[PDB]
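Q: The structure follows.
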Amino acid sequence: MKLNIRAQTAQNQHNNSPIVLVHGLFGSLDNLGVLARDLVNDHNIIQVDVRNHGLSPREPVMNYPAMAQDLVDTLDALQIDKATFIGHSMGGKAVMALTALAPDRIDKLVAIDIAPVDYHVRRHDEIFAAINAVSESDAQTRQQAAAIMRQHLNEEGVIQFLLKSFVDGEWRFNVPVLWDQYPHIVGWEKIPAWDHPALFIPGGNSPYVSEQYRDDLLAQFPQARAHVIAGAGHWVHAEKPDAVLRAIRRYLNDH
């Protein structure tokens, strides 16, 4: 289905393909804004809210072919034939899945701290507990919500990231569905090889793109290029946006 988006025209015409930015689990279209603010200098930008996030529609189904189709439907809605896609984590998996569903609609591809693999672990139980605790309380403001979340989480950055989706005393993301479909989100459906250069940007202090996932990564992205950002965790763009942008532009210029 069509997604909620925020589009901005390039400040300068350079004959570049437009860039679609796709956030990760519990995120919203504002999360990759730091990248959009730089890339809009020479590209039309489209920031999307993934289904069940932000102000995009809710749907009980949450799998990658579905998220990939949403991207196609969104491109069709904006009458864009082909675009470069940049996705973080879950968003990166949606973009990678798009290569299998509609390769002709993709120009270049950037996957931030994510590998095309089923991680086979639960990594968000405490986050779900914090989210539910906030909902069960009488918290209305982000300050009140933060106080409760700190009782479950000790990573202030994660708490603030989640709170970007706490508005009018309600979570923007669809909690029951993200919980129910969680295995499919941390999971993956293997795809055919995409024989085109693809950029992967892992955080040096993150296990999302470690060596144990390399064989599977290359089997699906034979021409994958990895640019590890030293001293960065999972939300690489939030910690080292400059380093991420340098890697992105080097790839986009493909000299």
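We name chains A, B, ... following the order of the structure tokens; residues begin at 1 in each chain, and ligands are numbered from 1 as shown.
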Can you list every residue in region 8-238 of chain A that DSSP puts in helix (DSSP H, G or I), as a PyMOL selection string?
A: chain A and resi 33-39+64-77+90-101+103-105+125-136+142-149+156-163+175-180+182-186+211-220+236-238
Q: Could you give me, as JSON lines, a per-residue list for region 168-243 of chain A showing, wherever an atom lies at most 12 Å from an atom of region 1-24 of chain A, the closest pair of atoms and their distance in Å to one decimal, using only C-alpha atoms and sorting by chain then residue number from low to high?
A:
{"residue": "A:173", "atom": "CA", "partner": "A:24", "partner_atom": "CA", "distance": 11.5}
{"residue": "A:178", "atom": "CA", "partner": "A:24", "partner_atom": "CA", "distance": 11.9}
{"residue": "A:185", "atom": "CA", "partner": "A:24", "partner_atom": "CA", "distance": 9.9}
{"residue": "A:186", "atom": "CA", "partner": "A:24", "partner_atom": "CA", "distance": 11.0}
{"residue": "A:234", "atom": "CA", "partner": "A:24", "partner_atom": "CA", "distance": 10.4}
{"residue": "A:235", "atom": "CA", "partner": "A:24", "partner_atom": "CA", "distance": 9.2}
{"residue": "A:236", "atom": "CA", "partner": "A:24", "partner_atom": "CA", "distance": 11.9}
{"residue": "A:237", "atom": "CA", "partner": "A:23", "partner_atom": "CA", "distance": 10.8}
{"residue": "A:238", "atom": "CA", "partner": "A:23", "partner_atom": "CA", "distance": 11.7}
Q: As a list in words, please: every residue in region 193-244 of chain A that DSSP puts in strand (DSSP E).
A: residues 198, 199, 200, 201, 224, 225 and 226 of chain A
Q: Could you turn the residues from that selection into a file that holds N, CA and C atoms, as a PDB file, in the first residue's frame?
A:
ATOM      1  N   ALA A 198      26.295  -2.787  -4.210  1.00  0.00           N
ATOM      2  CA  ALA A 198      25.429  -2.422  -3.092  1.00  0.00           C
ATOM      3  C   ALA A 198      26.314  -2.031  -1.922  1.00  0.00           C
ATOM      4  N   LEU A 199      25.961  -0.951  -1.232  1.00  0.00           N
ATOM      5  CA  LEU A 199      26.754  -0.490  -0.101  1.00  0.00           C
ATOM      6  C   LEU A 199      26.153  -0.879   1.239  1.00  0.00           C
ATOM      7  N   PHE A 200      26.974  -1.497   2.081  1.00  0.00           N
ATOM      8  CA  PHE A 200      26.577  -1.876   3.428  1.00  0.00           C
ATOM      9  C   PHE A 200      27.427  -1.034   4.368  1.00  0.00           C
ATOM     10  N   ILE A 201      26.783  -0.410   5.348  1.00  0.00           N
ATOM     11  CA  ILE A 201      27.481   0.438   6.308  1.00  0.00           C
ATOM     12  C   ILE A 201      27.250  -0.070   7.726  1.00  0.00           C
ATOM     13  N   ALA A 224      28.494  -6.722  -2.946  1.00  0.00           N
ATOM     14  CA  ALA A 224      28.374  -5.917  -1.743  1.00  0.00           C
ATOM     15  C   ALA A 224      29.722  -5.289  -1.404  1.00  0.00           C
ATOM     16  N   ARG A 225      29.673  -4.043  -0.945  1.00  0.00           N
ATOM     17  CA  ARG A 225      30.855  -3.312  -0.517  1.00  0.00           C
ATOM     18  C   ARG A 225      30.537  -2.899   0.914  1.00  0.00           C
ATOM     19  N   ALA A 226      31.424  -3.216   1.847  1.00  0.00           N
ATOM     20  CA  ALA A 226      31.187  -2.866   3.239  1.00  0.00           C
ATOM     21  C   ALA A 226      32.105  -1.745   3.698  1.00  0.00           C
TER      22      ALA A 226
END
Q: Identify which of the residues A:108, A:190, A:240, A:88 lies closest to residue 48 (chain A), counting only C-alpha atoms when measuring atom-to-atom distances.
A: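 Closest to residue 48 (chain A), using only C-alpha atoms: A:88.
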Q: Which is closer to residue 115 (chain A) than all the others in A:54, A:27, A:183, A:203, using only C-alpha atoms?
A: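 Of A:54, A:27, A:183, A:203, the one nearest residue 115 (chain A) is A:203, counting only C-alpha atoms.
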Q: Would you pick out the contacts of region 68-77 of chain A at 6 Å or less, using only C-alpha atoms, so that residues sharing its chain but fewer than 2 positions from it are not included, and give the list as a PyMOL selection string?
A: chain A and resi 1-3+64-66+79-80+94+97-98
Q: Store the residues picked out above in a file with N, CA and C atoms, as an mmCIF file, in the first residue's frame.
A:
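Ended up saving to result14.cif:
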data_model
loop_
_atom_site.group_PDB
_atom_site.id
_atom_site.type_symbol
_atom_site.label_atom_id
_atom_site.label_comp_id
_atom_site.auth_asym_id
_atom_site.auth_seq_id
_atom_site.Cartn_x
_atom_site.Cartn_y
_atom_site.Cartn_z
ATOM 1 N N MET A 1 0.845 -1.223 0.000
ATOM 2 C CA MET A 1 0.000 0.000 0.000
ATOM 3 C C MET A 1 0.867 1.255 0.000
ATOM 4 N N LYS A 2 0.240 2.389 -0.288
ATOM 5 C CA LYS A 2 0.929 3.670 -0.316
ATOM 6 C C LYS A 2 1.289 4.060 1.112
ATOM 7 N N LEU A 3 2.492 4.595 1.290
ATOM 8 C CA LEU A 3 2.967 4.991 2.607
ATOM 9 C C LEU A 3 2.912 6.493 2.814
ATOM 10 N N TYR A 64 8.753 -8.827 4.782
ATOM 11 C CA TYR A 64 9.495 -8.031 3.828
ATOM 12 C C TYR A 64 8.932 -7.915 2.417
ATOM 13 N N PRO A 65 8.308 -8.978 1.884
ATOM 14 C CA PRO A 65 7.769 -8.785 0.533
ATOM 15 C C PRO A 65 6.695 -7.688 0.586
ATOM 16 N N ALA A 66 5.933 -7.666 1.677
ATOM 17 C CA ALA A 66 4.877 -6.673 1.859
ATOM 18 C C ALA A 66 5.463 -5.266 1.959
ATOM 19 N N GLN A 79 4.791 8.687 -9.093
ATOM 20 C CA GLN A 79 5.174 8.591 -10.496
ATOM 21 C C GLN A 79 6.687 8.618 -10.698
ATOM 22 N N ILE A 80 7.395 7.840 -9.886
ATOM 23 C CA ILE A 80 8.848 7.732 -9.966
ATOM 24 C C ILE A 80 9.178 6.362 -10.550
ATOM 25 N N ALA A 94 13.826 -4.128 4.053
ATOM 26 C CA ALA A 94 12.750 -3.857 3.102
ATOM 27 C C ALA A 94 13.338 -3.485 1.737
ATOM 28 N N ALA A 97 14.821 -6.505 0.088
ATOM 29 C CA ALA A 97 13.749 -7.348 -0.431
ATOM 30 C C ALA A 97 13.199 -6.772 -1.735
ATOM 31 N N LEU A 98 13.256 -5.450 -1.879
ATOM 32 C CA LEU A 98 12.766 -4.808 -3.090
ATOM 33 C C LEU A 98 13.567 -5.252 -4.312
#
Q: Using only C-alpha atoms, find each residue of region 58-168 of chain A with at least one atom at most 12 Å away from an atom of region 216-220 of chain A; report its shortest atom-to-atom pair and that distance in Å (one decimal), sort the rows by chain and rising residue number, and return the result as a tab-separated table.
A:
residue	atom	partner	partner_atom	distance
A:93	CA	A:217	CA	11.5
A:96	CA	A:220	CA	9.0
A:97	CA	A:220	CA	10.1
A:99	CA	A:220	CA	9.8
A:100	CA	A:220	CA	9.6
A:111	CA	A:217	CA	11.3
A:114	CA	A:217	CA	9.7
A:115	CA	A:217	CA	6.2
A:116	CA	A:217	CA	5.8
A:117	CA	A:216	CA	7.0
A:118	CA	A:216	CA	10.1
A:119	CA	A:216	CA	11.7
Q: Using N, CA, C and O atoms, can you export the residues from the last selection as a CSV table (one decimal), in the first residue's frame?
A:
chain,number,residue,atom,x,y,z
A,93,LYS,N,16.3,-4.1,5.3
A,93,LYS,CA,15.8,-5.4,4.9
A,93,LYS,C,14.7,-5.2,3.9
A,93,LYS,O,14.6,-5.9,2.9
A,96,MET,N,16.4,-4.3,0.6
A,96,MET,CA,17.0,-5.4,0.0
A,96,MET,C,16.0,-6.4,-0.6
A,96,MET,O,16.2,-6.9,-1.7
A,97,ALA,N,14.8,-6.5,0.1
A,97,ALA,CA,13.7,-7.3,-0.4
A,97,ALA,C,13.2,-6.8,-1.7
A,97,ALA,O,12.7,-7.5,-2.6
A,99,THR,N,14.8,-5.6,-4.1
A,99,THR,CA,15.6,-6.0,-5.3
A,99,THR,C,15.1,-7.3,-5.9
A,99,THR,O,15.3,-7.6,-7.1
A,100,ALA,N,14.4,-8.1,-5.1
A,100,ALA,CA,13.9,-9.4,-5.5
A,100,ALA,C,12.5,-9.2,-6.1
A,100,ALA,O,12.1,-9.9,-7.1
A,111,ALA,N,22.4,-0.2,2.6
A,111,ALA,CA,21.8,-0.8,3.8
A,111,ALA,C,22.7,-0.5,5.0
A,111,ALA,O,23.9,-0.9,5.1
A,114,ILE,N,22.9,-3.7,8.9
A,114,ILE,CA,21.9,-4.8,8.7
A,114,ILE,C,22.4,-5.8,7.7
A,114,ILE,O,23.2,-5.4,6.7
A,115,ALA,N,22.1,-7.0,7.8
A,115,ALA,CA,22.5,-8.1,6.9
A,115,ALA,C,21.2,-8.8,6.5
A,115,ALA,O,20.2,-8.9,7.3
A,116,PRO,N,21.2,-9.4,5.3
A,116,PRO,CA,20.0,-10.1,4.8
A,116,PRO,C,20.0,-11.5,5.4
A,116,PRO,O,20.3,-12.5,4.8
A,117,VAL,N,19.7,-11.6,6.7
A,117,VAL,CA,19.7,-12.8,7.5
A,117,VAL,C,18.6,-12.8,8.6
A,117,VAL,O,18.2,-11.8,9.0
A,118,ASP,N,18.2,-14.0,9.0
A,118,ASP,CA,17.3,-14.2,10.1
A,118,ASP,C,18.2,-14.3,11.3
A,118,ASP,O,19.0,-15.2,11.4
A,119,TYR,N,18.1,-13.3,12.2
A,119,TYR,CA,19.0,-13.3,13.3
A,119,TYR,C,18.7,-14.3,14.4
A,119,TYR,O,19.5,-14.6,15.3
Q: Could you pull the residues within 12 Å of residue 157 (chain A), counting only C-alpha atoms, minus those fewer than 3 positions along the same chain, as an MDAnalysis selection string?
A: chainID A and resid 146 149:150 153:154 160:164 233:236 238:239
Q: Create the file for the chosen residues now, containing N, CA, C and O atoms and written as a PDB file, in the first residue's frame.
A:
ATOM      1  N   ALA A 146       9.750   9.191  29.591  1.00  0.00           N
ATOM      2  CA  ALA A 146      11.171   8.902  29.739  1.00  0.00           C
ATOM      3  C   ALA A 146      11.492   8.359  31.130  1.00  0.00           C
ATOM      4  O   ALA A 146      12.277   7.421  31.270  1.00  0.00           O
ATOM      5  N   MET A 149      10.524   4.738  31.183  1.00  0.00           N
ATOM      6  CA  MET A 149      11.384   3.932  30.332  1.00  0.00           C
ATOM      7  C   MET A 149      12.773   3.706  30.910  1.00  0.00           C
ATOM      8  O   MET A 149      13.384   2.664  30.671  1.00  0.00           O
ATOM      9  N   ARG A 150      13.271   4.672  31.675  1.00  0.00           N
ATOM     10  CA  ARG A 150      14.592   4.538  32.276  1.00  0.00           C
ATOM     11  C   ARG A 150      14.602   3.440  33.333  1.00  0.00           C
ATOM     12  O   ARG A 150      15.665   3.024  33.788  1.00  0.00           O
ATOM     13  N   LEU A 153      15.218   0.522  30.570  1.00  0.00           N
ATOM     14  CA  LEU A 153      16.358   0.669  29.677  1.00  0.00           C
ATOM     15  C   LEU A 153      17.402   1.617  30.245  1.00  0.00           C
ATOM     16  O   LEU A 153      17.068   2.579  30.929  1.00  0.00           O
ATOM     17  N   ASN A 154      18.669   1.351  29.952  1.00  0.00           N
ATOM     18  CA  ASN A 154      19.731   2.217  30.442  1.00  0.00           C
ATOM     19  C   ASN A 154      20.494   2.925  29.331  1.00  0.00           C
ATOM     20  O   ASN A 154      21.522   3.556  29.575  1.00  0.00           O
ATOM     21  N   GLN A 160      15.383   8.096  23.874  1.00  0.00           N
ATOM     22  CA  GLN A 160      15.015   9.303  23.140  1.00  0.00           C
ATOM     23  C   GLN A 160      14.552   8.990  21.722  1.00  0.00           C
ATOM     24  O   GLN A 160      13.650   9.646  21.203  1.00  0.00           O
ATOM     25  N   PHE A 161      15.164   7.990  21.097  1.00  0.00           N
ATOM     26  CA  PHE A 161      14.784   7.579  19.750  1.00  0.00           C
ATOM     27  C   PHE A 161      13.334   7.097  19.773  1.00  0.00           C
ATOM     28  O   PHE A 161      12.515   7.517  18.957  1.00  0.00           O
ATOM     29  N   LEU A 162      13.018   6.220  20.720  1.00  0.00           N
ATOM     30  CA  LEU A 162      11.665   5.696  20.839  1.00  0.00           C
ATOM     31  C   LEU A 162      10.655   6.804  21.113  1.00  0.00           C
ATOM     32  O   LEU A 162       9.563   6.811  20.545  1.00  0.00           O
ATOM     33  N   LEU A 163      11.027   7.746  21.974  1.00  0.00           N
ATOM     34  CA  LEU A 163      10.135   8.840  22.331  1.00  0.00           C
ATOM     35  C   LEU A 163       9.770   9.760  21.172  1.00  0.00           C
ATOM     36  O   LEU A 163       8.799  10.515  21.262  1.00  0.00           O
ATOM     37  N   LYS A 164      10.532   9.707  20.083  1.00  0.00           N
ATOM     38  CA  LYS A 164      10.208  10.525  18.922  1.00  0.00           C
ATOM     39  C   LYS A 164       8.833  10.084  18.423  1.00  0.00           C
ATOM     40  O   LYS A 164       8.126  10.848  17.764  1.00  0.00           O
ATOM     41  N   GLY A 233      27.560   2.338  17.048  1.00  0.00           N
ATOM     42  CA  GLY A 233      26.612   1.290  17.363  1.00  0.00           C
ATOM     43  C   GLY A 233      25.624   1.082  16.227  1.00  0.00           C
ATOM     44  O   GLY A 233      25.871   1.485  15.089  1.00  0.00           O
ATOM     45  N   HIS A 234      24.488   0.476  16.549  1.00  0.00           N
ATOM     46  CA  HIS A 234      23.462   0.162  15.560  1.00  0.00           C
ATOM     47  C   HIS A 234      22.857   1.347  14.808  1.00  0.00           C
ATOM     48  O   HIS A 234      22.587   1.240  13.614  1.00  0.00           O
ATOM     49  N   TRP A 235      22.614   2.463  15.488  1.00  0.00           N
ATOM     50  CA  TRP A 235      22.066   3.635  14.806  1.00  0.00           C
ATOM     51  C   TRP A 235      23.261   4.474  14.349  1.00  0.00           C
ATOM     52  O   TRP A 235      23.499   5.587  14.826  1.00  0.00           O
ATOM     53  N   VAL A 236      24.016   3.903  13.412  1.00  0.00           N
ATOM     54  CA  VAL A 236      25.231   4.521  12.883  1.00  0.00           C
ATOM     55  C   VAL A 236      25.060   5.962  12.425  1.00  0.00           C
ATOM     56  O   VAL A 236      25.898   6.816  12.715  1.00  0.00           O
ATOM     57  N   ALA A 238      22.970   8.106  13.437  1.00  0.00           N
ATOM     58  CA  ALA A 238      22.692   8.995  14.557  1.00  0.00           C
ATOM     59  C   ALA A 238      23.973   9.373  15.295  1.00  0.00           C
ATOM     60  O   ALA A 238      24.090  10.478  15.826  1.00  0.00           O
ATOM     61  N   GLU A 239      24.935   8.457  15.313  1.00  0.00           N
ATOM     62  CA  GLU A 239      26.196   8.686  16.010  1.00  0.00           C
ATOM     63  C   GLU A 239      27.286   9.334  15.166  1.00  0.00           C
ATOM     64  O   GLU A 239      27.989  10.232  15.634  1.00  0.00           O
TER      65      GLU A 239
END
Q: Can you work out which one of A:140, A:171, A:101, A:90 has the shortest atom-to-atom distance to residue 192 (chain A), counting only C-alpha atoms?
A: A:101
Q: Just to confirm, what's the straight-line distance from CA of residue 249 (chain A) to CA of residue 104 (chain A) in Å (one decimal)?
A: 21.8 Å
Q: How close does each residue of region 12-127 of chain A get to region 243-247 of chain A, giving the shortest atom pair and distance in Å to one decimal for every residue with an atom at most 9 Å away, counting only C-alpha atoms, sorted by chain and residue number, as JSON lines?
A:
{"residue": "A:35", "atom": "CA", "partner": "A:245", "partner_atom": "CA", "distance": 6.8}
{"residue": "A:38", "atom": "CA", "partner": "A:245", "partner_atom": "CA", "distance": 8.0}
{"residue": "A:39", "atom": "CA", "partner": "A:245", "partner_atom": "CA", "distance": 8.5}
{"residue": "A:112", "atom": "CA", "partner": "A:244", "partner_atom": "CA", "distance": 8.7}
Q: Point out the residue among A:52, A:47, A:151, A:253 with the least atom-to-atom distance to residue 177 (chain A), counting only C-alpha atoms.
A: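 Once distances to residue 177 (chain A) are computed over only C-alpha atoms, the minimum belongs to A:52.
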Q: A:61, A:40, A:50, A:91: which is nearest residue 184 (chain A), counting only C-alpha atoms?
A: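 Selected residue with least distance to residue 184 (chain A): A:61.
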Q: Looking at A:241, A:196, A:92, A:251, which one is nearest to residue 37 (chain A), with distances taken over only C-alpha atoms?
A: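 Among the listed residues, the smallest separation from residue 37 (chain A) belongs to A:241.
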Q: What is the distance, in Å and to one decimal place, between CA of residue 211 (chain A) and CA of residue 84 (chain A)?
A: 26.4 Å
Q: What does the distance between CA of residue 250 (chain A) and CA of residue 87 (chain A) come to in Å, to one decimal place?
A: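 CA of residue 87 (chain A) lies at a distance of 16.9 Å from CA of residue 250 (chain A).
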